[PDB]
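Student: Quick one: experimental structure and sequence below.
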Amino acid sequence: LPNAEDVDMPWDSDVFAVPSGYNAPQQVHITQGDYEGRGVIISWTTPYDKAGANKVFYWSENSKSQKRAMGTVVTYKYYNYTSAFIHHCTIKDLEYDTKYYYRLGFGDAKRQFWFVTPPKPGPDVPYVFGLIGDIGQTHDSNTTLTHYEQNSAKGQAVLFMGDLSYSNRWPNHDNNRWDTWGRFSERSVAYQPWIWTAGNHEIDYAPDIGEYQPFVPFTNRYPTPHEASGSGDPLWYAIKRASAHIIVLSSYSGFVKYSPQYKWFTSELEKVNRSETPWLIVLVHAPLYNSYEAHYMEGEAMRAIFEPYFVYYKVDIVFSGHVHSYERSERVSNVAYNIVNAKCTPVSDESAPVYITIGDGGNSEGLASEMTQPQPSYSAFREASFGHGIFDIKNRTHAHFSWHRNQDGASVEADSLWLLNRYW
Amino acid sequence: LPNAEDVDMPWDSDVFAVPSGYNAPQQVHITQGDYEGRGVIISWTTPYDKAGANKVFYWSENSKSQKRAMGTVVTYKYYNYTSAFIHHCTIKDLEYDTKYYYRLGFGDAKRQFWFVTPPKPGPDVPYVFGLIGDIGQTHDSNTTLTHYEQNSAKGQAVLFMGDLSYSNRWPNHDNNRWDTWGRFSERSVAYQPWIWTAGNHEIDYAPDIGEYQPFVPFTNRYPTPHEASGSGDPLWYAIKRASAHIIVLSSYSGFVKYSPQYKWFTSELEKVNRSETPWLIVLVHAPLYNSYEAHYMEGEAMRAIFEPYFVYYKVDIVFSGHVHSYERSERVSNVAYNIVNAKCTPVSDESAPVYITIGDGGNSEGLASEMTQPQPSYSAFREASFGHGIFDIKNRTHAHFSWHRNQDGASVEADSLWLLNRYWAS
Ligand SMILES: *[C@H]1O[C@H](CO)[C@@H](O[C@H]2O[C@H](CO)[C@@H](O[C@@H]3O[C@H](CO)[C@@H](O)[C@H](O)[C@@H]3O)[C@H](O)[C@H]2NC(C)=O)[C@H](O[C@@H]2O[C@@H](C)[C@@H](O)[C@@H](O)[C@@H]2O)[C@H]1NC(C)=O
Ligand SMILES: *[C@H]1O[C@H](CO)[C@@H](O[C@H]2O[C@H](CO)[C@@H](O[C@@H]3O[C@H](CO)[C@@H](O)[C@H](O)[C@@H]3O)[C@H](O)[C@H]2NC(C)=O)[C@H](O[C@H]2O[C@@H](C)[C@@H](O)[C@@H](O)[C@@H]2O)[C@H]1NC(C)=O
Ligand SMILES: *[C@@H]1O[C@H](CO)[C@@H](O[C@@H]2O[C@H](CO)[C@@H](O)[C@H](O)[C@H]2NC(C)=O)[C@H](O[C@@H]2O[C@@H](C)[C@@H](O)[C@@H](O)[C@@H]2O)[C@H]1NC(C)=O
Ligand SMILES: *[C@@H]1O[C@H](CO)[C@@H](O[C@@H]2O[C@H](CO)[C@@H](O)[C@H](O)[C@H]2NC(C)=O)[C@H](O[C@H]2O[C@@H](C)[C@@H](O)[C@@H](O)[C@@H]2O)[C@H]1NC(C)=O
Ligand SMILES: *[C@@H]1O[C@H](CO)[C@@H](O[C@@H]2O[C@H](CO)[C@@H](O)[C@H](O)[C@H]2NC(C)=O)[C@H](O)[C@H]1NC(C)=O
Ligand SMILES: *[C@@H]1O[C@H](CO)[C@@H](O)[C@H](O[C@H]2O[C@@H](C)[C@@H](O)[C@@H](O)[C@@H]2O)[C@H]1NC(C)=O
Ligand SMILES: *[C@@H]1O[C@H](CO)[C@@H](O)[C@H](O[C@H]2O[C@@H](C)[C@@H](O)[C@@H](O)[C@@H]2O)[C@H]1NC(C)=O
Ligand SMILES: *[C@@H]1O[C@H](CO)[C@@H](O)[C@H](O)[C@H]1NC(C)=O
Ligand SMILES: [Fe+3]
Ligand SMILES: [Fe+3]
Ligand SMILES: [Mn+2]
Ligand SMILES: [Mn+2]
């Protein structure tokens, strides 16, 4: 309630159409493949594993000669479900700020796409990031995506806050709905990388049907550039793109002191260089600050361990999803507590980041309407409406954030904020 | 912090001696194998995997007819280390409260041990649990264990709070020190089950030497009865023994709402029956209450999510380690906070368990001496001294806890508390 089977787009929806041709490459998507940006991971799925299905042809537009690469293939099973042949190809050492064309398939199944590598990492290098979370595959989900595509701000990459397909809401977590989501999202992710964050809907824990190990479907379908970041797990990693250093954290993985993620995270903080990448961005599914009734305080555990660091290294902004609505905080912190002093009230803090909740992509569960009352002072803006966001970096000191509602024009900003870098 | 290579017992120490005979079964240890208690998991390691090395012969003291079982074998690698053949045999459906003999090996390598299954689960069934945490393999570690063995209270099983071998403190986490620890602890774990709790020293995360996946050594050496508990992971599970229902949690695994462990834990709480097993015990490595300087507030994250439940289901007592010293709290809680009300002060709460910190088994890192000041009211007793503890269940309403320091006689109690069950005496 709402029932996924009643609100998600129909199986026959155009957006779920299978590309024609024998063994057509489908569910095509890419993501950054290296730490610097001249890398990419291209993913595509094929119903059969026959000669040719595992090859990518790519080439810069202003350089005729085309190179070919082979992917690594995998398949997985989940209850009575079996995947097709999933290919993942990691291409490195490309050129910065250059358009590339790549194609999959052969005969009349051949498909061509393109993408643009980001400019070399630098302090004043501008870049426009799209912001989406908890999209799923409902009719609202389609609207949200449509609006992002038409947004005059022209996003070059999407920072995704978690909860991709919501297929776990179907009987037996029907993995066929992961495939549909793959076809649906392809029109975007096939052209610009989506930087993944794992949400609780990617856990896919189902003892009832004998599936006790989490993230099996997600981990097999959406690889991450964790190794290049120094992480031995795909759920947590970091990349550098343009003037930003992005750290993606995992809400449902262990994160207390001494845990692998914690050790990786602290080391990563020390690798950050604000002189090269001014904008320090963090992604986590569950918000550390949320004043909505839904999932209220669920992020308290992580806030206890990580907030102190967010503030010490001066993260500029933190993006989260999970709560199906929108919210933006004031720069605040609650890191003075030691039990005895009883100091447990969030206070204005210019060394703290702005906290964003954008889990309103439109998944089947619907909007999270009820809010705590009255509005806490740490909250600057909160509205329950589907939409997407934009983080527009202009230079080392300015970046413009904005929220776009589906009721409004793709370019209309219902809320926005000009951020001043915390370091410059 | 002290150098492990300078304080841990020497490689040639008697306590590390390899049993004689061809392919001698070594590093023998057992733990409960089922949910009820009539189960056991026997583990032993053999340098070679030849016919016979994978068989256990076991029988009742009363019987003369001995049974035989085959184990499941595994080996693992860690950096430039390779394990021998590790065997794990899960024997089920034994008889309650009966002594059993079992033997491994052949020829003059043959070795015999014994253990005693617990009595059938019941409200007034008495039982004595030993308490140890962060023991490691130093000379103090040996003393601690010796004292437990001589303790007139006669513990029948050991609840272990985490951080077993501390071999990760040696160069490259030298897994050879896991083997030594296995021989050292054997004199006890081979006769009475140790109920494992995973500590940060079992994480064995070492990117520097290309080991990114945690718990590899621990998970391969010390199996857990998680499946019989409904858990798909060895780091978290529950068992019933005598009058107690024990829930073992994992501090370094995900534990927030919606996580596998969290879902397992909440379901497990609903399976608890205080009319069958009065004593609800919880084990976690990192203490939710600790007033020592070391690791101060490290357990705050878990307290935020789990404390509310500990109080609602009235856990009787919670045992932890991690802090190398001893501490016992008053029955308190801090579950009223909602941000806005600013209610963040621990307050006296008779519905809350007593929190115990016994990570003073004696590992190489030494004692955690500095304490926060002055002593917070939620703390009833705190002392930095090596030792072990005893949880003596007498009946559905009374259970006696006591702390034993290595400076004192195995039986001397430097601290103690008579607990009143929260369900039948509170
Ligand atoms: C693994 O097992 C699944 C068990 O749920 C199965 O789901 C389907 O199971 C049956 C078999 O097709 C479907 O059909 C109904 O079955 C009942 C049996 O009592 C019968 O009386 C009805 O007349 C009706 O035919 C179920 O509808 C369905 N489960 C549900 C409710 O979603 C999976 O197989 C499936 O079979 C068909 C339903 C296909 O259309 C797919 O849904 C699927 O293939 C099976 N795994 C797979 C291959 O998905
Ligand atoms: C189960 O739980 C308690 C564990 O020992 C047990 O102890 C209490 O009872 C003991 C006597 O039965 C008492 O000690 C005795 O004191 C007399 C007095 O002179 C002496 O002769 C004996 O040699 C013993 O020393 C313990 O002090 C007492 N424990 C405390 C301090 O709480 C419970 O005993 C209860 O049993 C009742 C039937 C009744 O005797 C109660 O008064 C007693 O507390 C025991 N409970 C049950 C169900 O038997
Ligand atoms: C694993 O790598 C270690 C070094 O990275 C090896 O240990 C080194 O062994 C040298 C001679 O064997 C010695 O001079 C070095 O000081 C020593 N360094 C260390 C880690 O202390 C190790 O080889 C083992 O060394 C010890 C542990 C011996 O007892 C034997 O177990 C081995 O010789 C390497 N493990 C391998 C490949 O067996
Ligand atoms: C919880 O555990 C107790 C102890 O095993 C169960 O009690 C049963 O019924 C009486 C109640 O006092 C008790 O004296 C018996 O020793 C015990 N007998 C059994 C095993 O049935 C208790 O009840 C269970 O059995 C009966 C009473 C049934 O109606 C229902 O209450 C339950 O199945 C156990 N309750 C549970 C399973 O949650
Ligand atoms: C999802 O929204 C898109 C808009 O981006 C819809 O795309 C239209 O698709 C039809 C074919 O079905 C094309 O002829 C139009 O040109 C597309 N319009 C746009 C604006 O691109 C799509 O139909 C929607 N899908 C569903 C199932 O509602
Ligand atoms: C942060 O990025 C700067 C631009 O790329 C770079 O200049 C900084 O390095 C500075 O200190 C050292 C490393 C020196 O070699 C020189 O590159 C600069 O003065 C860099 N910060 C660091 C320490 O890596
Ligand atoms: C960084 O981008 C900002 C957003 O477009 C832009 O306003 C900043 O320029 C401003 O500089 C200051 C000195 C102000 O007086 C005026 O000149 C501009 O608005 C720009 N910062 C840079 C690169 O100077
Ligand atoms: C450990 O203690 C035992 C007796 O408890 C003793 O025999 C042995 O020598 C001790 N080991 C060492 C080397 O400390
Ligand atoms: Fe969601
Ligand atoms: Fe320890
Ligand atoms: Mn979510
Ligand atoms: Mn520890």
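Tutor: Happy to help now that I have it. Numbering: from 1, shown residues only, chains lettered A, B, ... in the order given. Ligands and ions are numbered 1, 2, ... in the order given.

Student: Can you tell me how far the residue of the stretch 51-200 of chain A at minimum distance from ligand 8 is from residue A:283?
Tutor: Residue nearest to ligand 8 within the stretch 51-200 of chain A: residue A:198 (48.0 Å; C-beta to the nearest ligand atom). C-beta: built from backbone N, CA, C; applies to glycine. Separation of residue A:198 from residue A:283 (C-beta to C-beta, to the nearest Å): 10 Å.

Student: more neighbours, those two?
Tutor: residue A:198 (31 against 25; other C-beta atoms under 10 Å in any protein chain shown).

Student: With adjacent residues omitted, what lies nearest to the more buried one?
Tutor: residue A:235 (4.8 Å; C-beta to C-beta, 6 or more residues apart in numbering or on different chains).

Student: Would you confirm that the one you found contacts residue A:250?
Tutor: Yes. Assessed by C-beta atoms under 8 Å, residue A:235 is found in contact with residue A:250 at 3.7 Å.

Student: any shared contact partners between the two?
Tutor: Jointly contacting residue A:235 and residue A:250 under the rule C-beta atoms under 8 Å, 6 or more residues apart in numbering or on different chains are A:198, A:261.

Student: the more surrounded of the two?
Tutor: Comparing residue A:235 with residue A:250 by other C-beta under 10 Å, the one with more neighbours is residue A:250, at 26 against 23.

Student: hang on, that one is in a helix, isn't it?
Tutor: No. Judged by DSSP: H, G, I helix; E, B strand; the rest coil, residue A:250 forms no part of a helix; its state is coil.

Student: Would you mind listing the residues in contact with it?
Tutor: Residues in contact with residue A:250 (C-beta under 8 Å, 6+ apart) are A:198, A:233, A:235, A:236, A:261, A:284.

Student: ok, now residue A:178?
Tutor: Contacts for residue A:178 (C-beta under 8 Å, 6+ apart) come out as A:164, A:165, A:167, A:217, A:221.

Student: Count the residues that sit near the first one.
Tutor: The one in question is residue A:164. Around residue A:164 sit 28 other residues, with neighbours defined as other C-beta under 10 Å.

Student: The second one now?
Tutor: By the other C-beta under 10 Å criterion, the neighbourhood of residue A:165 contains 29 residues.

Student: Then the fourth one?
Tutor: When counting by other C-beta under 10 Å, one arrives at 23 neighbours for residue A:217.

Student: how about the residues of the stretch 51-200 of chain A that lie near chain B?
Tutor: Counting by C-beta under 8 Å from any C-beta of the partner chain, the stretch 51-200 of chain A comes close to chain B at residue A:200.

Student: Helices along the stretch 51-200 of chain A, start to end?
Tutor: All helices of the stretch 51-200 of chain A, identified by DSSP state H, counting those that start in this stretch, fall at A:139-150, A:176-189.

Student: Next, format the ones you listed as a markdown table and append distance to ligand 10.
Tutor: Output for these, formatted as a markdown table (distance: least, C-beta to the ion, whole Å):
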| stretch | distance to ligand 10 |
| --- | --- |
| helix A:139-150 | 48 |
| helix A:176-189 | 42 |
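
Student: quick check: domain ranges of chain A?
Tutor: Annotated domains of chain A cover A:24-121, A:122-424 [curated CATH domains].

Student: what's the closest of those to ligand 7?
Tutor: In terms of C-beta to the nearest ligand atom, the element of those nearest to ligand 7 is domain A:122-424, at 3.6 Å.

Student: now the closest one, how far from the centre of its chain.
Tutor: Put simply, domain A:122-424 sits 7 Å off its chain's centre (C-alpha atoms, centre = their mean, to the nearest Å).
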